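Below is query_4.cif, holding mmCIF, C-alpha atoms.
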```cif
data_protein
#
loop_
_atom_site.label_atom_id
_atom_site.label_comp_id
_atom_site.auth_asym_id
_atom_site.auth_seq_id
_atom_site.Cartn_x
_atom_site.Cartn_y
_atom_site.Cartn_z
CA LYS A 716 40.79 -261.56 -19.20
CA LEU A 717 39.52 -264.49 -21.24
CA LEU A 718 39.73 -267.04 -18.43
CA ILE A 719 37.96 -264.65 -16.11
CA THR A 720 35.31 -263.62 -18.68
CA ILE A 721 34.29 -267.30 -18.93
CA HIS A 722 31.99 -266.75 -15.92
CA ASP A 723 30.22 -264.00 -17.86
CA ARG A 724 30.72 -265.50 -21.30
CA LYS A 725 27.27 -267.02 -21.49
CA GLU A 726 25.80 -263.56 -21.25
CA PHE A 727 28.24 -260.97 -22.40
CA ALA A 728 30.86 -262.88 -24.36
CA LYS A 729 28.08 -264.71 -26.18
CA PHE A 730 27.43 -261.38 -27.85
CA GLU A 731 30.93 -260.45 -28.96
CA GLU A 732 31.70 -264.08 -29.80
CA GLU A 733 29.82 -263.87 -33.09
CA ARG A 734 32.27 -261.34 -34.43
CA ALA A 735 35.32 -262.17 -32.28
CA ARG A 736 35.13 -265.95 -32.02
CA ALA A 737 33.96 -266.32 -35.64
CA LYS A 738 37.39 -267.17 -37.00
CA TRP A 739 38.94 -268.29 -33.80
CA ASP A 740 36.18 -270.57 -32.69
CA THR A 741 38.57 -273.48 -32.62
CA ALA A 742 41.14 -271.38 -30.75
CA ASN A 743 38.95 -270.53 -27.78
CA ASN A 744 36.65 -273.46 -27.69
CA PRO A 745 37.79 -277.06 -27.48
CA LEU A 746 35.21 -279.18 -29.14
CA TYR A 747 32.60 -276.79 -30.20
CA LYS A 748 31.31 -274.30 -27.78
CA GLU A 749 31.11 -273.51 -24.12
CA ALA A 750 27.55 -274.83 -23.87
CA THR A 751 28.72 -278.13 -25.30
CA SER A 752 30.08 -279.34 -21.93
CA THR A 753 26.69 -278.68 -20.30
CA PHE A 754 24.83 -280.79 -22.89
CA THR A 755 27.34 -283.54 -23.44
CA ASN A 756 26.48 -286.45 -21.18
CA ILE A 757 26.62 -289.46 -23.44
CA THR A 758 29.04 -288.36 -26.12
CA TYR A 759 31.55 -285.59 -25.55
CA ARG A 760 34.66 -286.98 -27.17
CA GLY A 761 33.55 -286.41 -30.72
CA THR A 762 29.97 -285.71 -31.62
#
```

Can you dump the structure from the file as structure tokens?
Amino acid sequence: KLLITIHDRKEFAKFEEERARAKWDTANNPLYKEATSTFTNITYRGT
């Protein structure tokens, strides 16, 4: 359901993510976080 929960992840998943994504942060998220893509305009390839 992970690909589907992405629509609700900013609200709901954002909660569970602390516990659940804690160790698997790199496994679910590419660069950093989901919100990264919405803030990255200039640099999004590294930092």

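For the file shown, the residue list from the PyMOL selection byres ((chain A and resi 749-761) around 10) reads residues 721, 724, 725, 729, 743, 744, 745, 746, 747, 748 and 762 of chain A.
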
Query raised in the report: How many Å lie between atom CA of residue 731 of chain A and atom CA of residue 717 of chain A, rounded to one decimal?
Result: 12.2 Å

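Of note, atom CA of residue 727 of chain A and atom CA of residue 739 of chain A are spaced 17.3 Å apart.
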
Axis-aligned box over every listed atom of segment 732-748 of chain A, padded by 3 Å per side: centre and edges in Å to one decimal, as JSON?
```
{"center_x": 35.5, "center_y": -270.3, "center_z": -32.2, "size_x": 17.3, "size_y": 23.8, "size_z": 15.5}
```
